Amino acid sequence: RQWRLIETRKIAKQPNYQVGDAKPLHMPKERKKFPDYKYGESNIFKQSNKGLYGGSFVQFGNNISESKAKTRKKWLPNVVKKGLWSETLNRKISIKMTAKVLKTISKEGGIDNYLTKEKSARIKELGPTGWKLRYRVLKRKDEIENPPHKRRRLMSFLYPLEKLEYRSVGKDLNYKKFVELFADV
Amino acid sequence: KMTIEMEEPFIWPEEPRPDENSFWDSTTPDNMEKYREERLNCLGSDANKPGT
Amino acid sequence: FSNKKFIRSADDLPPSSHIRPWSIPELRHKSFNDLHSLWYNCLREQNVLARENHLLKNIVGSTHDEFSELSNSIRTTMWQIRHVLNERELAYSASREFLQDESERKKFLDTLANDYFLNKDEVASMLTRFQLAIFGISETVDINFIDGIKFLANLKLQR
Amino acid sequence: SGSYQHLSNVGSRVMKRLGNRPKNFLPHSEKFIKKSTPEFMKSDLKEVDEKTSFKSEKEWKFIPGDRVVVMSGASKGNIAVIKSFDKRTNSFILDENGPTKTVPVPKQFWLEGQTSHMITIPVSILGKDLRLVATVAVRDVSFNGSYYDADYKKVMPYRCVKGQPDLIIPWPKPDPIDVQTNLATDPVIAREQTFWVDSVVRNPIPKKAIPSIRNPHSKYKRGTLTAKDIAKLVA
Amino acid sequence: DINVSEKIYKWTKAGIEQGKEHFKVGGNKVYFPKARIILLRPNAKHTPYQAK
Amino acid sequence: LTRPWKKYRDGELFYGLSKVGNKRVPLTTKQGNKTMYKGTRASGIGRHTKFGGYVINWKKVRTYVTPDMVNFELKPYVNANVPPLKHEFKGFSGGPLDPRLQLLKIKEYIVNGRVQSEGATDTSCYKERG
Amino acid sequence: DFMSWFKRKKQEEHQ
RNA sequence: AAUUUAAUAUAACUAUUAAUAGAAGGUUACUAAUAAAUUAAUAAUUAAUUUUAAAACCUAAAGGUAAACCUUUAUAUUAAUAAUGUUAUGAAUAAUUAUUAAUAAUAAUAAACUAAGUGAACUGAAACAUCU
RNA sequence: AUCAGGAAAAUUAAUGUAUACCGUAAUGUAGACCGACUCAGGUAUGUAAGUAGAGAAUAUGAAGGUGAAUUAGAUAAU
RNA sequence: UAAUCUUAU
Ligand SMILES: [Mg+2]
Ligand SMILES: [Mg+2]
Ligand SMILES: [Mg+2]
Ligand SMILES: [Mg+2]
Ligand SMILES: [Mg+2]
Ligand SMILES: [Mg+2]
Ligand SMILES: [Mg+2]
Ligand SMILES: [Mg+2]
Ligand SMILES: [Mg+2]
Ligand SMILES: [Mg+2]
Ligand SMILES: [Mg+2]
C-alpha cells in the first residue's frame, strides 16, 4: 500500500525562535500541549481526524451497469465506535475505528501497542487523534519508568525569604514570579 | 463649530478697505475666476466676443 | 488677532528672508519648560494664522498663501521640538540601561574617581553635582540613595 | 470660494490622481491651463516638477545678485544683474536690461506713475541661456571646494571657472536683512542653553508628557521574546 | 442639602472667585496639543457676549 | 420659471449638476436612520448609565496643561541672522541616543556645572559637539 | 513669476 | 558655434533571449515629521555599509459594529514609599498627587506557478446511450 | 367573546454628580425621495378654523399655501 | 449478555 493522501500533506514550516529575537504578530494564548504530528491533520475525509481510520480514506469511483452507463459512487470504510482497554492509561478509550484497524489492534495485542509501534507506516496511519493518544501513552510509560528521583520544598523554603529580601529593598514579589525566575536554576 | 458664551463682550475689528489691505480684496481673484470661466466655456464665435 | 488687525497685510507679515524655523540642534539645548512655552507660542501663532487663512480662502478666494506657508513652517518647528523631546527621553533610557549593567557602571565610577576626584592641581561642588546626577540625594530614600551614600562614605575614607 | 476643503484632506485618492497626472498627458493638462491664464500671467517656460528642481546653490549656477550676460535671445549680448529665481520653473528673473515682454495689465496691478494699461515686464530665462561675467564672460563654471560664508550663513561651494580652478568667481554679497518682527526670537535668546544632561536618576521630561511625545500603543514597536514565550510557542 | 444644578452653579462661582478653573479639570494631561481653532466672525443670531 | 434666465428646456436639473453618482462612499453623522450613530472620536470620556444617561469619568478627561511660567521671549521663528546650527557626533555610533555620549555629558556637567556650548555662547558659530 | 515681480516693484516704490 | 542623423531618461506596454531575485491600499485630518555613524577618493560632498526617530483611523480573527465608528480604560492596576487634608484612638482607616518595581496587547498581506480533493456540460462520434 | 392574547433587565444606608457624543436646515400626497424626465404613477405618522350634518360624507373656507420652463390670439373641419 | 445501539440525570 501507499500513504499518498497522508504524506502529500504539507504544513507551514515554523521558524526556530531564539530567546532574543522579536515576537511574531499573533502569538497564541494557551501553549502547545502535544507534539507536532509530522503529517498535519487531514483536509479531505475530516470524519477520520476524530478516529483511528488506519489511513483508509473515502474512495470515489463509478457505479457501472450492464449498459456500462457510468454513475459516480463513493466507497466508505467500515467504521465502528469501539471502547478498547488501555493498560498504560488504566482506562478504556472509545473511538471510531475501521474494522481493519480493530483487527490490527487485536493482532498486535493491545491498543497502546498499536499506538506505540515505531514504524513510519503506523505513524502515517495514526490520525492527529491517534498521534495524541500515542503521546499520552508514551509519556505515561516514561513517567512509570522514571519518577523524578531514582527541590520543590527547597524552593518553598527559600521563597518567603526571597520575598522578604525584595521588600527590604522596596519591591513586592509573588510566587508565580518566583517560580518563573527559578525554573532553570 | 462651537459657540461659546463669555462674561465680557467682544466685537471684531472692522474689515479693511480695498485700497488698504493687499490680501483682503476680492476683486482680483474673482476677476481671474471669471476670465477662466469665459475662456474654458468659450466655444465658437464667442472667442471674438469681447471680454468682461 | 495680531495688533488688533482683521488681517495682516503683506507689510504687516514677517518677511520670508528675515524669518527661519528652529534648527533641531538649537532645540536640543533648551530646557523642557522653555520648549513647552515655545510649543504653545507656536500653537497660538498657528491659531492666529488659521483664523486669517480661513477668512482668505473661504471669503475672498485667494491663492496668496503666505499665511499657509507660515503655518507650515511653524508646524515644522513643532514636530522638530516633538522629535527632540522623544530623543532626549530615549537617550535617558539608554543611559539608565547602561548603568544597570553593573560592570560598566563600576568602570564609569572608577574613571570618575581617577581623574577629577581624589586629585590636586571645587571637589565638594563636584560631589554635590555627582550626587544629584547618579543618586537620589539633593539638599528621598531608596536602594540607589543608600548605594550613593555608601560610595560617598568610601570616597571620604579614601580622602 | 466658500470651500472648507482647506481644513481637511477629503477625497484623498481623487486628489492624488489629479495631482500626479501621467507625464505623457502633461501637454493635455497644461493646454487648458495656458488658455485659462491671461497673457500677463502666463510664462513660456516649462513648469518642472519638484524632483527636478534646483534646491542647492550648486544646482543653480547663479545666485540672485550676480551679474550675467544674456544670449540665445532677442536681448542678446546684454549684461544684467539677476533679481530673483523662480522655483517651480527653474529660471531667473533679470533686471531692466534682460529679456522683457510688453503686455496689457489691469488697474489692480498698476504701478504708481502709469499712463497706459500696457506695461513691459521681465520674462523668465533658464541658466542654460545666460553666461556669467567678471569685462570678461565665463563659458562654464565648476565647483571643487567649499566654505562657510559670513553673509550667506551657509557652507557654500567655490565657483571656479571651468578648466583653470584658481580663477574664483566670487558669490554676490546679499542685502542686509534688517529683522524687526515680533515673531522672530533674537540671536541671544534663540541659542542660550537652558538644558544640560545631568541626571541619570530623574528623567528630564515628565511621565505624563510621554503620550504626546510618542504613541504608547504603537503597532510598529514589536515586543521582544522571552524564554517562557519560546517554550509556549514550541511544541 | 441642596439640588445638583444648584451645587454645580455654586462650584462654578467658587472657581470664578478663585481665579482657578470654573469646572472640574480632568486627569488625562495633554502637554503638547496639536489642535488649532479658527475664531469666526459673529452671525446676526449671536450677541456681542458670544464667540464661535 | 425655476430660474428666469433659463426660459427654455435645457437639460439642466432642478438642483445641482448630476443626479447620479457613486453611492458607495462612507457614511457621515448626518446620514442613516434615527438609530444610526456614527460618532466623531470625541467622547470616550465617561460611562453610559443603565437608564440611558451618562456619567463623566474625570481621570479619563483631556486637560491641556500649559507651563506656569511662560517664556514669551521664545518665538515660533528664529531671526534668520542666526545660522542653522549643526551637531556632530564623531566617535559615537549611537549618535544622540548613544549611552557613552550621555555618560560623557554627565561627567562634563559634574566637573564644570552648566557651562554653555560653542553655539550657545557664540551666535556666529554653526557647528558643535553636543 | 509676474505676481512676485509686481510685489517687488511695489516694495521698491514704497522704499 | 549651430543644425541634422543614430543611441541613451527618473517617463510606455507586448514577444523572445540572457542574467539576477522571490513581491500595501483606502478613510480624513489635532496632516501620519527624522536623526546619526563608519569607510572610500580629493571641510561640504556624492557612493557604499550600518544604526536610529516618528508613523492617526479602516482593511474577519482585544470585544463589538451598518469599513474608516463604538466599547474596553497601560496619562491602568497591585504594591512600596514620600507630601497633602479628614475621621476615630505616638499607631490605625480611606482619598489625591509624584517617583520606584511588577502585569498584557496590535494578522492589510499578494497574484500567477505547484500539490491534493471533488469533478461537469456544451461538444465529437455527421443520431445517441459505451466512448469523447 | 373564543380565535385564549410577547421576551428580557432587588431593596436600604453611606459616599457621590462640574452633567460626554450624534441627530436638529429645507424638502417630505414631492421640482428637493422610488419611477431613465422639474414624470397626472408609487411613498409611513399626527393636527387637520368655524358654519352643516349621523359622519373624517357633501358644500363653503378663517388662517396658511399656491396660481406652475411655455405664451398671445383665433375658436373651420375634426 | 462488559456485542452493539436509544433515552434521561
Ligand atoms: Mg436624513
Ligand atoms: Mg439623549
Ligand atoms: Mg480586528
Ligand atoms: Mg454529435
Ligand atoms: Mg437530436
Ligand atoms: Mg424644521
Ligand atoms: Mg431621484
Ligand atoms: Mg418610466
Ligand atoms: Mg408627480
Ligand atoms: Mg372634503
Ligand atoms: Mg382665505
# chains A, B, ... in the order shown; residues from 1 in each chain; ligands from 1

$ residues_near_ligand --ligand "ligand 9" --cutoff "12 Å" --atoms "only C-alpha atoms (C1' of nucleotides) and all ligand atoms" --output "MDAnalysis selection string"
chainID I and resid 29:31 33:35 37:43

$ residues_near_ligand --ligand "ligand 10" --cutoff "9 Å" --atoms "only C-alpha atoms (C1' of nucleotides) and all ligand atoms" --output "ChimeraX atom specification"
/I:56-59

$ residues_near_ligand --ligand "ligand 4" --cutoff "10 Å" --atoms "only C-alpha atoms (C1' of nucleotides) and all ligand atoms" --output "number ranges by chain"
H: 123-128

$ residues_near_ligand --ligand "ligand 6" --cutoff "9 Å" --atoms "only C-alpha atoms (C1' of nucleotides) and all ligand atoms" --output "VMD selection string"
chain I and resid 24 to 26

$ interface_residues --of "chain D" --to "chain E" --cutoff "7 Å" --atoms "only C-alpha atoms" --output "PyMOL selection string"
chain D and resi 208-209+212

$ write_last_selection --atoms "C-alpha atoms" --output "PDB file, in the first residue's frame"
ATOM      1  CA  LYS D 208       2.569  62.453  31.950  1.00  0.00           C
ATOM      2  CA  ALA D 209       4.086  64.241  28.903  1.00  0.00           C
ATOM      3  CA  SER D 212       2.120  63.468  23.491  1.00  0.00           C
TER       4      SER D 212
END

$ atom_distance --atom1 "atom CA of residue F:58" --atom2 "atom CA of residue E:25"
7.2 Å

$ residues_around --residues "residue C:1" --least-positions-apart "2" --cutoff "12 Å" --atoms "only C-alpha atoms (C1' of nucleotides)" --output "PyMOL selection string"
(chain B and resi 12-13) or (chain C and resi 3-8+44-52) or (chain E and resi 38-40)

$ residues_near_ligand --ligand "ligand 3" --cutoff "10 Å" --atoms "only C-alpha atoms (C1' of nucleotides) and all ligand atoms" --output "list in words"
residues 58, 59, 60, 61, 62, 63, 106 and 107 of chain H

$ residues_around --residues "residue H:100" --least-positions-apart "5" --cutoff "10 Å" --atoms "only C-alpha atoms (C1' of nucleotides)" --output "PyMOL selection string"
(chain A and resi 170-171) or (chain C and resi 142-143) or (chain H and resi 80-81)

$ atom_distance --atom1 "atom CA of residue C:99" --atom2 "atom CA of residue C:128"
19.3 Å

$ decode --residues "chain E" --atoms "C-alpha atoms" --output "PDB file, in the first residue's frame"
ATOM      1  CA  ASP E   1     -28.764  69.702  51.494  1.00  0.00           C
ATOM      2  CA  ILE E   2     -29.213  71.206  48.006  1.00  0.00           C
ATOM      3  CA  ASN E   3     -30.037  70.027  44.461  1.00  0.00           C
ATOM      4  CA  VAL E   4     -27.476  69.080  41.779  1.00  0.00           C
ATOM      5  CA  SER E   5     -27.796  72.038  39.382  1.00  0.00           C
ATOM      6  CA  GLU E   6     -27.520  74.462  42.320  1.00  0.00           C
ATOM      7  CA  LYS E   7     -24.396  72.654  43.588  1.00  0.00           C
ATOM      8  CA  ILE E   8     -22.858  72.900  40.101  1.00  0.00           C
ATOM      9  CA  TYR E   9     -23.638  76.621  39.939  1.00  0.00           C
ATOM     10  CA  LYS E  10     -22.065  77.121  43.390  1.00  0.00           C
ATOM     11  CA  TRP E  11     -18.929  75.219  42.300  1.00  0.00           C
ATOM     12  CA  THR E  12     -18.669  77.357  39.159  1.00  0.00           C
ATOM     13  CA  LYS E  13     -18.997  80.548  41.237  1.00  0.00           C
ATOM     14  CA  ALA E  14     -16.305  79.313  43.640  1.00  0.00           C
ATOM     15  CA  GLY E  15     -13.938  78.578  40.738  1.00  0.00           C
ATOM     16  CA  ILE E  16     -14.550  82.067  39.315  1.00  0.00           C
ATOM     17  CA  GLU E  17     -13.846  83.630  42.730  1.00  0.00           C
ATOM     18  CA  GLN E  18     -10.593  81.653  42.999  1.00  0.00           C
ATOM     19  CA  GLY E  19      -9.281  82.530  39.544  1.00  0.00           C
ATOM     20  CA  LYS E  20      -8.930  78.754  39.200  1.00  0.00           C
ATOM     21  CA  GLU E  21     -10.867  76.653  36.682  1.00  0.00           C
ATOM     22  CA  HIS E  22     -14.656  77.189  36.840  1.00  0.00           C
ATOM     23  CA  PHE E  23     -15.013  73.463  36.072  1.00  0.00           C
ATOM     24  CA  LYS E  24     -13.568  70.110  37.173  1.00  0.00           C
ATOM     25  CA  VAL E  25     -10.194  69.607  35.462  1.00  0.00           C
ATOM     26  CA  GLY E  26      -9.579  66.151  34.001  1.00  0.00           C
ATOM     27  CA  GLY E  27      -6.662  63.774  34.627  1.00  0.00           C
ATOM     28  CA  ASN E  28      -5.652  62.958  31.025  1.00  0.00           C
ATOM     29  CA  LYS E  29      -2.815  65.512  30.784  1.00  0.00           C
ATOM     30  CA  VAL E  30      -2.009  66.595  27.208  1.00  0.00           C
ATOM     31  CA  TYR E  31       1.267  68.553  27.382  1.00  0.00           C
ATOM     32  CA  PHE E  32       1.805  69.181  23.659  1.00  0.00           C
ATOM     33  CA  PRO E  33      -1.589  69.698  21.969  1.00  0.00           C
ATOM     34  CA  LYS E  34      -1.571  69.994  18.183  1.00  0.00           C
ATOM     35  CA  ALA E  35      -5.185  71.237  17.868  1.00  0.00           C
ATOM     36  CA  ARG E  36      -5.829  74.658  16.341  1.00  0.00           C
ATOM     37  CA  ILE E  37      -9.079  76.651  16.465  1.00  0.00           C
ATOM     38  CA  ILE E  38     -10.418  79.221  13.984  1.00  0.00           C
ATOM     39  CA  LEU E  39     -12.146  82.204  15.618  1.00  0.00           C
ATOM     40  CA  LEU E  40     -15.116  83.029  13.351  1.00  0.00           C
ATOM     41  CA  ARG E  41     -16.948  86.296  12.698  1.00  0.00           C
ATOM     42  CA  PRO E  42     -20.269  86.656  14.574  1.00  0.00           C
ATOM     43  CA  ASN E  43     -23.619  85.902  12.905  1.00  0.00           C
ATOM     44  CA  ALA E  44     -26.764  88.046  13.300  1.00  0.00           C
ATOM     45  CA  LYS E  45     -28.237  85.398  15.655  1.00  0.00           C
ATOM     46  CA  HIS E  46     -25.388  85.822  18.190  1.00  0.00           C
ATOM     47  CA  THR E  47     -24.756  88.597  20.720  1.00  0.00           C
ATOM     48  CA  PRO E  48     -21.550  90.565  21.491  1.00  0.00           C
ATOM     49  CA  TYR E  49     -21.175  88.219  24.523  1.00  0.00           C
ATOM     50  CA  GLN E  50     -20.715  85.178  22.217  1.00  0.00           C
ATOM     51  CA  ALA E  51     -17.840  83.902  20.085  1.00  0.00           C
ATOM     52  CA  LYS E  52     -17.863  80.963  17.658  1.00  0.00           C
TER      53      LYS E  52
END
